[PDB]
Every structure is written in structure tokens, then in C-alpha cells.
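>>> All I have is the shape, not the residue letters:
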RNA sequence: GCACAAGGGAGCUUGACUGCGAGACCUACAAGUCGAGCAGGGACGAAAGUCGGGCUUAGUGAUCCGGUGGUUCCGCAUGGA
RNA sequence: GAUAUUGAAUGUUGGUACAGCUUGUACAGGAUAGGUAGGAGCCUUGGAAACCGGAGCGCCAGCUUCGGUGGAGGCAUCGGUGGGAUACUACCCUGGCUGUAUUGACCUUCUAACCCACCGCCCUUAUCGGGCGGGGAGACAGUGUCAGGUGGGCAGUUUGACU
RNA sequence: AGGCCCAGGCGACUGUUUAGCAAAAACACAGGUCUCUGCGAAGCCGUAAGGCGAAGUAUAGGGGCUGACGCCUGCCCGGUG
RNA sequence: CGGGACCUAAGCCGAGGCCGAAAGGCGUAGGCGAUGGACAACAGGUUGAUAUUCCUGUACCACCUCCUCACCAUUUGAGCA
RNA sequence: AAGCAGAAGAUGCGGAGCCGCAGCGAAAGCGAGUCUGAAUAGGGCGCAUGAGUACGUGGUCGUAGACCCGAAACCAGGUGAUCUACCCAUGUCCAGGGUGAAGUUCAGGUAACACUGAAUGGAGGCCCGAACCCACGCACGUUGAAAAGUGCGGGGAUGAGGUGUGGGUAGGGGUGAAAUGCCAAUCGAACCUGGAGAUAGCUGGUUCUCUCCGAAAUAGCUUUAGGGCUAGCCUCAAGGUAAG
RNA sequence: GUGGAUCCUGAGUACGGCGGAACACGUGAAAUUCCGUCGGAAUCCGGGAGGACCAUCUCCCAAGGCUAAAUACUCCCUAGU
RNA sequence: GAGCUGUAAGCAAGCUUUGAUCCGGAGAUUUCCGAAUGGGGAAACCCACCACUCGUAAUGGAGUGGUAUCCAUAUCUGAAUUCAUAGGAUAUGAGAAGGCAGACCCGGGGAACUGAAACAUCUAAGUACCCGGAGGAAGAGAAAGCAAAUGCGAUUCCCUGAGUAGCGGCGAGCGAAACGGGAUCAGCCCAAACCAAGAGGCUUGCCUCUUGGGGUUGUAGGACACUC
């Protein structure tokens, strides 16, 4: 008979991998182990409800996130840092410094892992910092640094 | 000896061989002693296979 | 019983046909046998006339149930099957 | 022996939903021509000619293919063939292969059900059984259906008449 | 309250049997032999549970044949199991 | 005294329970079941019928105080089992 | 007819329904014609030579037991192990005498037990023989005293033994040292009640009188030969009527 | 009473293969129904029946349930034949 | 309304016009066994527990009531196993076992003799018998029916159809239906869909679970909207 799998059959099937499972063995194994549940109207409707709920939740989470994140990321942000003779910067503003800047200036609250910068800016100028806002969408951040005192 | 769910029991009938002899015969029921929660608890009583498929839970 | 050939032979042929059948023998019944003659086509023979198996008597057994061919037949409402 | 109780695999042989493509001459012929439409053009350093190995086919005519060296030319309407012209879209299943999921069967190992006339506890002063917990096998066996073989162990009968 | 002896047949012996015709050369017997059975033995009773085997475990338990003891059980596995 | 207010074997009955068209069969616990086990009376007479049952003597078994008595103990506390 | 009203009735209603008047052909179908057949032919079945219907008596027939008695046997449901066969639990009985095993002790004796002889020994499905049990040879009984005995002798008589009490095996079965033996005087399949008034091609019996007539023991067939059908022979009634 | 935007009208069942039974019907071409196995539908734009089966037509909505009346019998009572 | 205490003679003794015997209606009592029910049981027998009562100085003894099993409700417990269950204890229960009449009826088993001149299909016959249930009747019953016409409209039973169709070693034998005419006369509820309330599951905004409102039909009906 038909069942709504709760875990892996040949791979995690929590999504409700409807199949035909040898009613005898199906009942015995799935019920003794909870591997699945009967595929009746009630359970099917409950699964559909939970699935659409989570789908819309994720859709909203991604939509709300991408839009304003990109829009604001299209802004300009600047800071100050001392520099020496010959353009040899005394330090380097890593991702942590940029995170602190965006947290204290504009209150963007982006993770230090989602926003990464390995090159370790050492120049006294402007630069665009890409961000991993979305696995399929990204935006740049116009960071700036200038001499101080 | 009968299915608890439906009135399935041992019936009787003839056994007509070649020449149409009329030896008497019995007809059993394909019932098994599986665990079912007919009442508030399981009891492990007899139940017919035809009724077991897509019917009461074991 | 057959030499007037029913026995020998030579030619053409398939009447070793189809529907029948007045009237008779035998028989408890079933059944069996002879049959002039009518019609449709024919064969032989110029014609007449013969041919509905062997010169005559044994060479075969029913009903039911099955199979094949033909049917102005019937065909569980109607038309088919 | 088949089926329900009674399924999971590892490989395995057909068919499905996705996919991979190739087989084609009676002769005429430069040849290997199946046609019906679009057809005056196509591939060329994302490389000609030639060269060689392997895969395939075959009406043993030969073709194609792919692996690559060598490298600037090859192909085509048009000249002739004959029933029908060669560059791109397709089919007719004539012809062989590999991958994913089901699909059903064959032969392999596991365990879930089924058993327990194996035990420990409780029900319970109980050598019945029945719930729990371990072990043993285990899709077996037992059980209900259908079929085949054997079956005087058993049952109902028959075994003529004249003389 | 025993008749005995000589000689042979049958059965090793004691025992059991056709109440109500036959007490025996018949039956059984201890012995031998073949065969089945690895334990939920096999066989048996019963439609099934449940029981005999057996509070047994291949020197133990069932089935057939022959019947102590001395010598031997010879050939044929074509036919049927 | 023979048996019942004492026990138990074979065997039967048998809550629950296991089986099985029905009826019903099997069986746990439990209980029945002597033909067994344990148990306190014996000696002389009496009438026409009864008598180790009646009469006359000596006795025994189980149990309770209205009393009787001596013992211990009333919480390493007598006593019962 | 059922049915309705009606004294359990007669009667009235009730034409639902059945038979005949038209038959032939399997059927379509046709019609005093129809079927067969190619066919106005021939032949088969009918009219043209119309009389049936509903009751009552009587004869006969078929179904019910069907003329009366008679089986052996079969099936179903029940009763029986108080007789007998076996088994289980628990008790009880076997008067007396003889034999003498194994073993044990001693003596002899061998290097050593082997071996021999004496003393105790009381084993035996042992012997003789009472009670008890079984009946094997002969007589009487066989309308007996007795629906299986008595009289004399006979075998066993401490292990397969006899026996009391209680219990189990119930018939398509049980039991059986095994004879077709026992299972309540019955057993090659116990007894009681039902199917059941089983069936009988078999035997026996079948009740008042007179009168008219008057046979057969033959052919065919037959799972049939002592049975049954047809025909042959008999009788009764109506016709042809003078055919024999 | 009016509309067919949309929803319902009795599922492991109607049926089918296998082995039987009863319907007058004996597996015969065998409808219809009940049975024990396995397979298993539509559900109104639908389904069942009209003696195999198919199309048209005709009739009706199963797999839910109840229902007195005319009908059979007399052990017994009252009265009478 | 004047003989009666039986059959049944009596011998004896008593009741009755304040009204007997007798007849009918409704009641009280009803030893023991028996489904038998506290346990056992060789039917009419024996042995107990708990309460109340009689009596002894106590036991001993005696009178009344309750004390079987299954099943329904409820309450307290509730082991393996932690909750929980199986199970155990308690109160309510004109609940229930049994035959009956040797009959009628619904269903489950289920023969043989017999007939076919044997006999196996068949008949005997779903007969006898056995089993389980109730009723005065039971079963069936309002068309997923008959039927083929300007068509009837729940079942049941009677006469016809009819010993016709048909079944059958196509034998023996078995055996209808509908139309038609009669006896009676009654049609109804549930599920499904939708709606009100609540409960649990969170099927997390959806699901089923329970009472109620609802509607029941083939010219299709109902829900839904509306007219009533």
C-alpha cells in the first residue's frame, strides 16, 4: 500500500516519497520502526499543509532578505585609518572591521562569514566588497578608508 | 474458529470428481492469528486475510 | 437357374441417377423384400427397347450423444450472434 | 508445485518513463537509389588531399566509422545513367549496444513477520496459556484455497445366459 | 498317595488359546536377524488441540520374519518393491 | 466401630484457557474420589427379637471455664505455630 | 375453479380459466386444405360420411405402502467393560515335605592363585502334594437338578499366579500370548428407537349364491429362460351384415 | 416550487478466474443468487436487468434497516357436531 | 341458602339461617430435590463461611438472610514495566442458563433401504435424524421488479396457467414462472452531502470525534441560493 516515508529508503525521504511498499512488509517494518505513516487522506493533507507552510516560509525568508539587503548594499560606506609614507598602510581592515563599521554606522547586521574578504585590503582608497547575500544573488559594498589625524 | 471482524467460518459442500461422485467436503477459512487492536488493547485473535488487506490495523 | 446365355469376349459409357410410387410377400413390434408406372436430366442403341448395381439368396446392428457439408427454417424486447 | 499469510538487499534477463544511435545497391553508375516537400548551395586552422588501426555492416559490392599523423582545399545543381539525384528537418523498426527508477521471474545473503515441545520475570500457591526480556532458526515451516502422483488403509459396486 | 520299559515323529522348556465340540504338532516365549527413527524422534489415538513413545534419548524405542543349544542360511537383483 | 465434620492414587469434574460446522473435546488452578494412610473401650451380664450401642465396674481421645492450682511473661517480651 | 353471502349445507354471484367446433407442416407459414416435393404430377395427414361438453355409477390404469402377512440386510441417533478381553491404583491368598546352586568359612596343596574335599547357604517361571484355579479321559444327563452340570481319576499349585474393591478402552469401534476369540446366555461385525407398513421377478392365504360363455402350457424379443410386452386362444358391447 | 456554476446518493464491492450449492436447470450455449479462496470498477458525463454475448430501446438505483393484514399448527380451555 | 367433615360403608366426635360444605375473582403460605446457583453429591443426601436471633458459665447446638458462573455499568487497586495495561476486590442488575407439545419455522450439518427391474450420474432427499434461536404465528416484503402494451406498481396466500415450457445415463423420473381472477391493504426511518456547539490533534490554520438540525429519491432526488 501507499505510505508517507519519514526517513531514508534509498536516501532521506522526509518529503513524503509516495511509493508502493509491499503492504505486509510495509506495515510491519514502518510501524515497528516508525519509518513511515499510512498514506490516507488525513496524513496526506497534513503532509501537504506542512510542506506548503515551510515552502512559503522559506520563500518569504529569501525574498524579504535579498531585496533590501541589495538595495542598501548599493550604498557607500567609509571609515578612517592612519597611513604612512609611501602608501604603506599601518594595518588592514579585514571582514571583522567592515562588520563593525556596518553595525555601528548603518546597523546592517550581516554575518562575518556571509561577508568575507581574504585579500586583506592594504590600500588607502575605495573598493567594492562582494557579499554572499544569496547563493544565487550577491551585492557589492563600496568601502572606503582615509588617513586619520 | 471464525474471523472476529466478519462472519467468516468453515462451510461445507460436495466434492464432484470425474463421473460426478458426491463425496462430502469442507471449506475452510484463510485466517491467521495475528495481533490486532480490535478492543482497546491487542489480543492476537484470528482474522481473515481478505479482510486484513487494506482494512483494520494490525 | 443359366447355351433364346445369367458363361466367353470387342466398342461407347457411369442408370452403381434425383423426387416418388398404384399394389403386393413376410412379419407381435421394430425392421426387411419385389414393384409396373409419372416427372427432370442422361448413357447405350438407326430404331425398337434396356439401364434406379453385380444370375438370386449372407458381406451388417437401432436410440441417445458427438463431427462435417447445404438450408424460402426458428432464434426468450428490437437487429445480429 | 502456484497463491494469501510473506519482505530488504547483491548481482541477473525482457518491457515501460528518460534517454545513445544506426541499418538501405536487380542493373545502368564515378558509385550503395527508398521516396515524398522545401533545394542554388554547403564543410573549410572550431583545418583539404594522402596515410595508416580499430568498431560495425554486409546481397564479399564494398561502405561507413571512429584514433590519430599530414595539411588547403573537398562536396554540390549542372554533362550522361535510369522508374526515380546525392549539402540540412524527420519517419517507416529491415539493424546493436550503455546509464537512472519502477516493473515482473529466475539463482544468491540478511532479517521484521510466523513459529516455538529453549529459557528469566510477572500474571500465579499453576510443568495449561499470555504479556514482557533474551536466544534459535526464519520467508522456511504451519495454516486456507487449486492442481498433479501414489493410495484395497477405507467405502459403493460388478463379475451374463443356453446347458 | 506313581505302572513301567524299548524306539521314532513334533515342539528347546514353564506357560496361553477356539466361555459353550478341537488344549494341540497351534500362539507366545528368552535368542537371532533385517529395517525405521538425532528428539517437537519414528510409529500410534484424534477433524485440532491434547496425549502414548517417555519424567526415555541409537546398548533406547517401534515394524516384519525365524524361534533355545551344535554345523550352516548356497546362486539369481532379469521381474516387483 | 464402617464411613462422613481428616489426607490422598488411579479416574472423573474442572473458573480461566486451547481447540473445533454446531453439539462439544482437552486441560491449569481447585475439588471429588479407599479398595490405602492417621484415629479415643474392655469385661461380665440383660430381654423374645438390640447390643465391644443397654445395665454394672474400671478407663481413654478433642475442646471451653463459672472455679482450681503452681510457672513465666506483660516488648533479647510469655505463649501459639 | 378460487373466492364472496349462506345452518360446517343446498342456493345466488363469480366466465379468471379448460375441451371441442380445422387441419397440415419440425418451423416460417397456409388453410379444407396443408407437407413433401422443381412440378397443374404422385404420395403422407384431414373434410366431404359435424358432436362434443359437465356431472354420477361401474370396469381398468398411474402416483401414494396401494392385496394381506413375511425377510435376511442398510443408514442415522442413543445404551452398554455389574459377564467376558486388556490395562491402571490399592489390598489379600498359596496347609506341608524334598532337592540342593551361587556365595561364604575351614583343610589339603601349588612359588602364586589354578584345583580338590569338608562345614553354613537356601537360589529355582525346581520337584511331590492340600485350599484355590483350568478343564482332559471316560460314564449319566440332553422336555436334565443345571438354557453347558454331576461321579472317578487329571495339570498347575512362590511367579507370565489366583482373587476382592475402585477406575479406563463403546461398534465404520475397543480388546486380543491371535481362535474370526470376547464385547451382558446374541458377534465374519453388539443391543434399543426412528427412515419403515424398507424391498422381495419368492412361498402361503385371499370370507355369500345362482346363471350364460369358456382357454392356455404356443411364435419373436428380453442381463432372459419358474418373470415381462406384443401376437395366438377367451369373454362383454356396438356396427358390416351373409361375407365364413 | 424554481437552477443544473459546484458537492452527495450505501467499496475490498459490483463483478472476474478457480472448486461447490440452491434456483424446474444435473456445466450444458447456462442467465440470476449464495458460498470459501485470489484479482479488482465506475460512482450520474454513472451503474444494474431484460436466460451466453454485443449496439438500440425499455424498466430500476443494489452493496443500510423496520413493517400488522390475508398464511400454518393445537398442548390446552368454552360450547357444539 | 340447609346437609356435611371426598373416593368410602362406617365407629367416634364436631359446623352450620350471626349463615357452613360448595362455585368464582384477587391474595398469604409453599418441606427437599430438580437450570439448582455457598461446597460436594450415589435427586430428593452430607458439610461450611459472614451477619441477626434463641440457649449454656463456656465451647458444642439450633432458627432467618447473603455467599456459583458468564455478561453490562460504575468505584478502588492495578505486576512484568516508569506511566499504563492484563489481572484482582466491591455495589448495582423481574439479564441468563432449563423444557416445552411427540405440532407449526428460520438457518448449519445430513444419510441409507428404495426406483432406474443390475448400477456408479440421478431418484430416494435437503426426506428422517442431530444442532442453535425465538413468535403466536415465523420467513419474505415497498422494485438496481415484472413486462414488451395506448403497461402494472410492497409482500404474502388461494384457483388457473400446468403436468405446458424446460431439466434428464434425453432413462427412471423432476418440475416452473409471468400474465389473468381472488383473500387482505401501510408505508416508512438511517447513512452520504451541508449547518450550529464543543473535544482533541496541533493535519501549526487545517483534520476527525462526538450529540443535534437535515434530506431518502430515477418523471432522478437532496445540499446551495432563493419563493413558501
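Perfect, I can see it now. Numbering: from 1, shown residues only, chains lettered A, B, ... in the order given.

>>> Which element, helix or strand, includes residue B:26?
For residue B:26, the enclosing helix or strand under DSSP states H and E is strand B:22-27.

>>> ok, residues contacting that strand?
B:10, B:11, B:12, B:13, B:14, B:15, B:16, B:17 (Cβ atoms under 8 Å, 6 or more residues apart in numbering or on different chains). (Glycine included, C-beta is placed from N, CA and C.)

>>> Could you list which of those residues belong to strands?
B:11, B:12, B:13, B:14, B:15, B:16 (DSSP state E).

>>> Also within reach of RNA strand I: list those from these.
Intersecting those with the contacts of RNA strand I gives B:11, B:12, B:13, B:14 (criterion: Cβ under 7 Å from any atom of the strand).

>>> May I have the beta-bridge partners of the second one?
Note on residue B:12: beta-bridge partners by DSSP bridges are residue B:26.

>>> Okay, it and chain A: tell me how far apart.
Distance, residue B:12 to chain A, by Cβ to the nearest Cβ, to the nearest Å: 31 Å.

>>> Kindly report the same for the first one.
Going from residue B:11 to chain A by Cβ to the nearest Cβ gives 26 Å.

>>> Leaving out the residues flanking it, which one is nearest to that residue?
Closest residue to residue B:11 apart from its sequence neighbours, by Cβ to Cβ, 6 or more residues apart in numbering or on different chains: residue B:27 at 4.6 Å.

>>> what ranges do the helices span in chain B?
All helices of chain B, identified by DSSP state H, fall at B:49-52.

>>> Where does it get nearest to RNA strand I, which residue?
With distances taken as Cβ to the nearest atom of the strand, chain B approaches RNA strand I most closely at residue B:12, which sits 3.3 Å away.

>>> ok, now which ones touch that residue?
Contacts for residue B:12 were tallied using Cβ under 8 Å, 6+ apart; they are B:24, B:25, B:26, B:27.

>>> Near RNA strand D, list only the ones from the residues you listed.
With the criterion set as Cβ under 7 Å from any atom of the strand, the members of the contacts of residue B:12 near RNA strand D are B:26, B:27.

>>> Any chance of TSV for the contacts of residue B:12, columns distance to residue A:138?
What follows is those, written out as TSV (distance: Cβ to Cβ, whole Å):
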residue	distance to residue A:138
B:24	87
B:25	82
B:26	80
B:27	76
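
>>> Residue A:137: neighbour count?
14 (other Cβ atoms under 10 Å in any protein chain shown).

>>> Say whether RNA strand I is contacted by stretch A:48-59.
Yes. Stretch A:48-59 lies within reach of RNA strand I by Cβ under 7 Å from any atom of the strand, at A:49, A:50, A:53.

>>> Just put the contacts of strand B:22-27 in a markdown table and tack on distance to residue A:140.
Listed next are those as a markdown table, based on distance: Cβ to Cβ, whole Å:
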| residue | distance to residue A:140 |
| --- | --- |
| B:10 | 84 |
| B:11 | 84 |
| B:12 | 89 |
| B:13 | 88 |
| B:14 | 92 |
| B:15 | 91 |
| B:16 | 92 |
| B:17 | 93 |
